[PDB]
Structure formats: structure tokens, C-alpha cells
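Working notes, beginning with the structure itself.
What follows is calculated from the coordinates using simple rules that are stated; it is not laboratory data. As a convention, Cβ positions derive from the backbone with ideal geometry for all residues, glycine included, and neighbour counts pool all protein chains shown.
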């Protein structure tokens, strides 16, 4: 689950740097652990933080027994047309290529407190290559059978907002990694001849891996 | 703070192996984490255990805001006579050498919930090289000013029995490491020519490092 | 803390050279120690000066128990555009480059007489590259959250004017060193091909290190 | 000038290590500075100590406007007798040799708070050798003209006990270096055959102390 | 372009002399280093024109100085 550090210091009003100066914990590690993204934590860290904030681990750690495990299709139904519109001169994923379609199945083995586990199948298809900035884009996917997985949404929204955001992050990150992996195997290296802004030269590979595809559906609104 | 895994599974009656088969966590790592000795843990690990045991992290982690930080003398008052009574032929620390005296100061900065911190000085002297087995010995130390640090004992016993045992472990381990470090720098290598039992050949260095010196005083009974 | 030599000899009307001739102390060392900048002092020096001025160390050492410790961001939010305006031909920091922005956090752990310590966070941003002379410039920074640190200012102004000036010096010097360090790592050597006044040829590095950036805010007026 | 950190800690019973941890200063430096042995002090050190001990620098630095300066004769009146026998058994300067005479005048200026300063001349002659240890013997010099130094005793004991001890330490070191410089040049090194020491090194280690009614400690 | 190299040489020497007139030590090798040219005699015309831009700007700045 996730440490409630972000919620804790938001309530306290303190800053990560201020906490780090107090508990003698490295700023980078502490700020990363402040975010729920960190997958590992140290007992030293939990001791120092719980003491500094004068709180038991109960408040420090937010846990919901409902475990959401996600599995993706070994082979997806993916078609990626290659349209090389000067990607090397303009670093836009659109200029490098375009997803004709990308549909596959995401199996979610939602587990309650009891070992009883319910599996939900998600027919997820690529919908649009949303352009967040002129520099980078975010692939957007959509669940065709989301109406079938209405019970899944009931379970998702049954959790805390922080835990809901943590799931959304986990889903987005897994999906991004999966999509970037598939595309990088399907699309040849398209090195950017001119560094972007002249600051650094990044190959299409670096762009697609950097590209973060967040699923969009009523199942996962926030 | 310590994970109460040992207490949790003792209450449940379950075995570490049984839990590992259930939560898909490596037996060695899980059994080490079951002991309070582990200094690191994973959010995935706490998620899986809290869910398996159907309990909030409150029960999973036991935290007392009273932090006991220990510091040792850079230079101790140590005298170690060398009496080489055939250590190579008989692997007994006594055969290798003997501590004439080993006294030094252990500063404990006990911190309450408030930043108010109280420091207790421990005049700790070597008392006896207790022989746990015919193979290995445990150095025993004693606090001369333990009566002065009666307030420290009041704070120690004010904690939970599990946390008290964790402190005793931490103190013993730090003291062992310190003593072995000093001795190994003061005593030349006395390799054991004949492997002990023929199973393996271990040098005096390996024996003293293996040697675990546990402090003995009314301050720390259990 | 600071020696009051400057204030002492200003009151006496005597000159540093005159004092040095009297107490047999090296002019350079004594004049440096006359300024509060020197961080080290000799017992012989305090004996000779206290005797010469016929005063107890009370009047020599101005001490206020309020300790102001300053810490800076390991990584700052700094953007430094490079403008190649002939720095070599003209030794002006503006000609070498320009700070687009330089904001970061300065943590001040103000400590009262009691160990109780209060930490103040300073969002400090580069404001203007003030040109003190045609030869050199002083970078000027400003505290965005200075209004939040109004209590800090209350503590600053609660000290003596000499001690206030000493803090301002310390803050300026730390800030200058920090800024020059960051810039010298970010900007390549721009050696000056033609020496100005033919006295010496100085690389931009020497100029930026020589450049002294003094923070400007209502927190620190004098 | 007398650091009272040492005295202050004895007052409060605070261990040197405890203070060093609290004020984030090296134990070695703090203990060296505790008896005002080091002749250099950091502004940071005194600031931290004053804040930590809740004291003004007045209770740390004790200064008596009075100043003492000691000048030794460029040429002393000394005679040497070298036995060269018995040094070998165990480090012992007395068996190796001894100083038959070592009478010399030391010009001491006791400066008052008023610019005027008082010059007092004390003549110290070799009295005997102190067997502080079998390894080390400290030469003893007695003041012949203690009559001229009656006011010297009054000024000396007019200072605080710590300051007196400081003076005694300084004069002892100065006398020891003076006599060692004078003697080592006229003394051939004797190897300590019975970890390796040369009679020269013995001379360097051997010190000297002025035993007189003017300086009893 | 021997006519261009004379114009470039005259301006760079003029720049050196003005620097010396300003009291700033100047040497031709350094002003050549500013142009970062290996041989002034043999150079592409566009580079002579590009060099001029450097010298004229620098020459003017010492005037302001």
C-alpha cells in the first residue's frame, strides 16, 4: 500500500526539505517516499518519521485489504502504421508513426479480505494519441467492456481517494511501460538528428518510453 | 519500531513457510523480516502481509515514540593480554588471548515524543569471557554506573516486551561489533591450522567477529 | 558571536596598525581579526588585546545565544541562458551569460538559548544582475516567502546591529559561494583574451567567483 | 586568559564527550581546548559552547589585565659532568650525565593594568634533578635572589589558581626547552641497549621546573 | 582573398592597437584566437566577413568602455 506522507505533511503544512532536515533522511529518497510511487521503505525511515510527526504507523500507512493485481496480454491485437513525417527534424510521436489500433485484454484479479478473488477482463483499445505538449504526447486507451466491469468500478470507488490515485498511477505506469515496450519492438530507431531545443538529442525510443499512456474510462475517473 | 510478525504468527499459530507460500514472498527474506532484526521492508511486502492476516498496519507495526540512540567511545580504555595457548590447535577465544580490562563510555540520547532528549552515560567494563559452548564464547560486560542510569532503566522497562527485546538485540549487536572491531585490530591473525571438527577452517578473526558480546546489567535483564 | 574589535577601536579612535605596533601582532592577521569575518582567534591575541585595551573579554566578545544555521538546496531550480556577447573581449558577467531564473530553498534552523530550534524556509529567486561597477556585477536575490518568515525578521532584528551585520555578511558570503559554484559548473571557461588595464587576464570563472551575490529582502535590510 | 570549559564541566558534571555530541564539535579538539592547552580557539566553538552552556563568553574566558613575560639569558652560566655510565641499564639521564652548574638570570616583566610595567630579575641555578620517573628526571632550578622577587610572588598569587597553573606550565616548558637546547649540544648520544632511545632523545624528553617560594606549584 | 586578408589584418591590428590605446594589453595571436582561425592568409571570404562582425562589435565595445 502507500505511506500517507503526502497527506500527512499537507495536513501539517511542512515541506519535505523541512522534514529531511529534521529526520536526517536524504531529500531525494524522502521526497520519493513522500509520493506513494516508492515500492520500498526502511524501518529507520518509518521510526524517524512516525516519531517526528508524533504519530503511530496506523496514520503513517494507509492499507485497504482489497488487492488489485493486473495482468496483460502476452500478445496484443496491435496495428501501428509507420508515417515518418520528419520525426528527426520535429520530435513528435505523431511525426514518427501512428497507432492504427491497439486493443488487448487486461485481467484484474481483485481480492477481498477473504482469499475469495474476483477476476475482471478489460477489452482496452487505443483511442487517441493525446498531445499533452508540443514536445510530448500521451496515448489514451479506453475500456470497451467497462460497462460489464461496473462491479470493478464499484470496488475501485469503494477505496480511499489516496488509494484510488495510487491504483490509477499503477495502472497508468504498467500500461505506459507495456505500450512503450510493444512500440519500441515494432518501430525501428528514429534518432532525432537535431537535439530538441538544442539541450539534448533524444531518439524516438527515448520519446516513446518517456511517453506515458494513461487509460481513460468511467471505471477510473480521477 | 518493529514489525510484530513474530508475535502475529505466534498468535495465529502459522509458520513462516506457510505464510511465504500464501503471499509469494521469498522464504529467506520473509523469515528475516519476521525477526525484528531486518532494517528494511517493501510496501508490496506490507500490503501482502496485512491483507493475508486481514489486519491494519497498526497491529503489523509496533511503534513507541521513545527513540534510544547509542554512541560509543572513539577510543576505549582497553587492555588485551595475549596468551597464545595453542589457539590454532584448539579454537577457543580463551586460548587465543584474554581481556585484562575493557571499560568505556556508552552515551544514550533517549528521546521522548517531544524533541526533549535525555543523555545517559554508561561506564561499561568487561567482566568475564563467558563460554557459551566448547566451540565459541560470549564476552560479558557490565555497567558500573547502572545505578546512576536507574532512570534509563525506568524508560527501558516503560516500553513493550517486544520493543525491549529489540533494544537488547540492538545494544548487543552494536557492542559485539565494536568489541570484535577493537580486538581484531589489536590481535594479529591466529589462523586455525586444523579446520574445527574438520568441517571448515576459521581464523581467530572469524571467531572474534562471530563472538557476540551481550551486555549484562539490571538495566537490561531480558 | 563576534569580536568587537572594529567597535572597540572606533570608540578608542586608534588604528589597527597602531594596535599592531603595541601588541606585537601581525598587521594582516590583526586587521582581518578586527573584521568579524575571521572565524579563528588565538588565546595570545585575546590576552594581548584585552590587556592593551584594559578591558575584560566581555567587551571583546559580543555573544548572542540565538544561533542562525543556514542550509541550501542540494539541487536548485536554476536556468542560465548563455549569451555569447564577447565576454572574452569585454570582461562583464552580462556579456558572458544571463540568469533566466535562479530560485531555491534556504532552510534556517534558528536556535534560541534553549535547544528549542525553529526552522524557516526561504523561497529565494534571482531578481536582477545588479552592476556595481563597469568592471564587476553583484547578483541580487529576493525571498518570495519573506512575508511568511516575518517571525525570522523579528528574530534577526532582535540582535545587535554588529551581529546583524555579521549575519548579513555570512548569508551573502554563503549565497555568493553557492551561486558562483552552480554557475561555474554550468558555464564553460570563457577566458578573457585581452587583459583589462593589462594587469591580468581573468577567465569568466575568476569573475563569477569574484562576483558577490547579496540577498535583498526586508528580512535583511542593513 | 583562562578557558573555564574544564571548570564549568566539573561544576555541571558534564562529560567532555557529552558536550562534544551536543555541540557537534570533535571530542579531541574539545578535550584539548578544555584545559586551555590549545592556543587557538574557533569563534564557532565558543559560540556553540556559550549557547549550549547558557553562559556569556565571560564565564568561558577569564582574563586578568596583568601580563607576564619571561626572557632567558642568551648565554647562561652552565658546567656539565658526563658519567656516561648507568644510562644503559634503563632510560636514566642522571646516570648518563648531570649539569654541574646551570645558573642564569631570567628577566620577568609583570605588566600592571597601567601602561607602566615592573621588571624583576630572578637568578635560577641548578639545585638538583627530580626523579619524577626512573625513565625521566626533571632538572630543578632554585631562585637565588628571591628578595628581589618578593613582589613577584605577590603578583603571581594575585592571579586565579588556573592562571597560576598556566604560568607554571609555560615557565616549565620554556625552562625545559632552554636547558635541553643548552645540554643536548654538549652531550653525545648514548643508545639505550637495555622502542629505541638515544640519550639525545632522553635530553629532549627530560624537562626542568623552578622550585622556589615564588612558584610553589 | 589577399584584399580581404589586408582588410581583416588592418582591422585586427587596429583592434589590437585600440586595446593597447585603451591600456589593455593586446597581441595579434590573441585576436586571431578570438577569430579561432589557424591561418589568416588562407580563409573563406564568408569567414572574413564573419570575423569582421566579431572585431567590429569588440572594437566598438572598448570605445564605450
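Checking the a/c ratio against 1.5 first, then a/b against b/c, what shape does the Cα gyration tensor give for chain C?
oblate
Run lengths n ≥ 4 of DSSP H only: what is the helix-derived mean residue ellipticity at 222 nm for the protein assembly as shown, with -39500 (n - 2.57) per run over all residues, to the nearest 500?
Per the formula, -12000 deg cm²/dmol.
Pull out a ≥ b ≥ c, the square roots of the eigenvalues of the alpha-carbon gyration tensor of the stretch E:13-65, then state rounded if a/c is under 1.5, prolate if not and a/b is larger than b/c, and oblate in the remaining case.
In terms of gyration-tensor shape, oblate.
Mean separation of Cα pairs under 8 Å and 6+ residues apart, divided by the residue count of chain E: what relative contact order is that in percent?
45 percent
If you line up the Cα atoms of the stretch C:148-198 on their principal axes, what length do they span on each, largest first, in Å?
Result for the stretch C:148-198: principal-axis Cα extents of 50, 27, 13 Å.
Partner chain Cβ atoms within 10 Å, averaged over the residues of C:36-46 - can you pull that number for me?
4
Any chance you could get the radius of gyration and Dmax over the Cα atoms of the stretch B:73-152, in Å?
Rg, Dmax (Cα atoms, Å): 16.9, 56.
Rounded to two decimals, what is Rg over Rh for the stretch C:1-95 when you use alpha-carbon atoms and the Kirkwood radius?
1.24
Order these by the 10 Å Cβ neighbour count, fewest first: C:112, D:163.
If I rank by nearby Cβ atoms, fewest first, I get C:112, D:163.
So if I take the centroid of the Cα atoms in the stretch C:133-166 and the same for the stretch C:65-113, what is the distance between those two points in Å?
That distance is 15 Å.
In peptide D:63-72, what is the residue-averaged number of other protein chain Cβ atoms found within 10 Å of each Cβ?
The mean count of partner-chain Cβ atoms within 10 Å per residue comes to 3.
Using a Förster radius of 45 Å, what is the FRET efficiency between residue D:147 and residue B:71 based on their Cβ-Cβ separation? Nearest 0.05, please.
The calculated FRET efficiency here is 0.20.
Relative contact order of chain C, please, whole-number percent, based on alpha carbon pairs below 8 angstrom and at least 6 residues apart.
Answer for chain C is 17 percent.
Relative contact order for the stretch A:1-105: what percent, with Cα pairs under 8 Å and sequence separation of 6 or more?
Taking the mean separation of contacting Cα pairs over the length of the stretch A:1-105, I get 25 percent.
Any number yet on Rg/Rh for the stretch C:90-215, C-alpha, Kirkwood?
1.06
Can you give the mean number of other chain Cβ atoms that lie within 10 Å of the Cβ atoms in peptide C:192-201?
Per residue, the average neighbour count from other chains is 6.
Taking a point 7 angstrom from the Cα of residue D:94 along the C-beta vector, which residues in the stretch D:181-217 have backbone N less than 16 Å away?
Hits in the stretch D:181-217 for residue D:94 at 16 Å: D:203, D:206-209.
Kindly put A:179, C:83 in sequence by how many other C-beta atoms sit within 10 Å of each C-beta, fewest to most.
C:83, A:179
Cut-off is 10 Å between beta-carbons; in what order do D:82, A:188 appear when sorted fewest neighbours first?
The order, fewest Cβ neighbours first, is A:188, D:82.
Where the Cα atoms of the stretch C:176-222 are projected onto their three principal axes, how long is each span, largest first, in whole Å?
Computed over the stretch C:176-222, the largest-to-smallest principal extents equal 41, 25, 10 Å.
So what's the angle, to the nearest 10 degrees on a 0 to 90 scale, between helix B:43-52 and the longest Cα principal axis of chain B?
60 degrees
How many percent of DSSP beta bridges within the protein assembly as shown run antiparallel, rounded to 5?
Taking every DSSP beta bridge with both residues in the protein assembly as shown, the antiparallel ones total about 95 percent.
Given a cut-off of 57 Å, what percent of all Cα-Cα pairs of the protein assembly as shown lie beyond it?
Percent of Cα pairs beyond 57 Å in the protein assembly as shown: 39.
In degrees from 0 to 90, rounded to the nearest 10, what is the angle of the helix C:161-186 Cα long axis to the longest principal axis of chain C?
The angle comes out at about 30 degrees.
Based on the alpha-carbon gyration tensor of the stretch B:9-55 and its eigenvalue square roots a ≥ b ≥ c, which shape applies: rounded if a/c is under 1.5, prolate if not and a/b is larger than b/c, or oblate?
rounded
Would you please give the FRET efficiency between residue E:36 and residue C:81, computed as 1/(1 + (r/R0)^6) with r the Cβ-Cβ distance and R0 = 30 Å, to the nearest 0.05?
That pair, residue E:36 with residue C:81, gives E of 0.85.
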